[PDB]
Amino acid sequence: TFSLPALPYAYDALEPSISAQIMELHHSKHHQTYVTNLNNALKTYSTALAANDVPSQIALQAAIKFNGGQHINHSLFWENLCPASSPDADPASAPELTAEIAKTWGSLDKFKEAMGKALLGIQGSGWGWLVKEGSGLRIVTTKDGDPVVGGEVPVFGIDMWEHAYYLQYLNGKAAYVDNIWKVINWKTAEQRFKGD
């Protein structure tokens, strides 16, 4: 059975970038619901699979991809976030990653601008990702609850669903993107970039 992962920090640890109210609702309400609906969908699909019930399996695909994708995405999200005062929020905790970032985009600032443009370009709900595809780095977006497709390894992701910022920033998603860089966990991003 899948479970809601515990946060590595308190609900207010990401302030003033992300409010404590958003963090508590995002984790204890939104993410918690994805886990519940994922387990419910998988149990129903198990019956349809054994019964060779293809129509029911097709009907359950949306629930498994959405809730399974959001559970994957939010689990990554909490781990590539950290308090702004921690050394893990310093990009110097990611020597190899930032080196490849500067090789691909020119500089860290240029990468942040391109990432921000992709994040703000999402129409509706979705996520923005820095992913590793082969040996290079790439900025991709995913719609709704879709996870990153097979072949791209997520380095870090930023949730652009309105529930990720609306209570604090209202419709001003640009301010949310500008301020979220202060709480990006570059230690986790370096760990994912290197892999094993």
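Residue positions are given as counts along the sequence shown, with the first one as 1.
Trainee: Mean C-alpha B-factor higher for 113-121, or for 90-98?
Mentor: That would be 90-98.
Trainee: Given the B-factors recorded for C-alpha atoms, which segment has the greater mean, 101-109 or 70-78?
Mentor: The stretch with the larger mean CA B-factor is 101-109.
Trainee: If I read the C-alpha B-factors straight from the PDB entry, which of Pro154, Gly134, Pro147, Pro55 is highest?
Mentor: Of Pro154, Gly134, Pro147, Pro55, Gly134 has the highest C-alpha B-factor.
Trainee: Looking at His31, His163, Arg138, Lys143, which one carries the largest C-alpha B-factor according to the PDB entry?
Mentor: Reading the PDB entry, the winner on C-alpha B-factor is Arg138.
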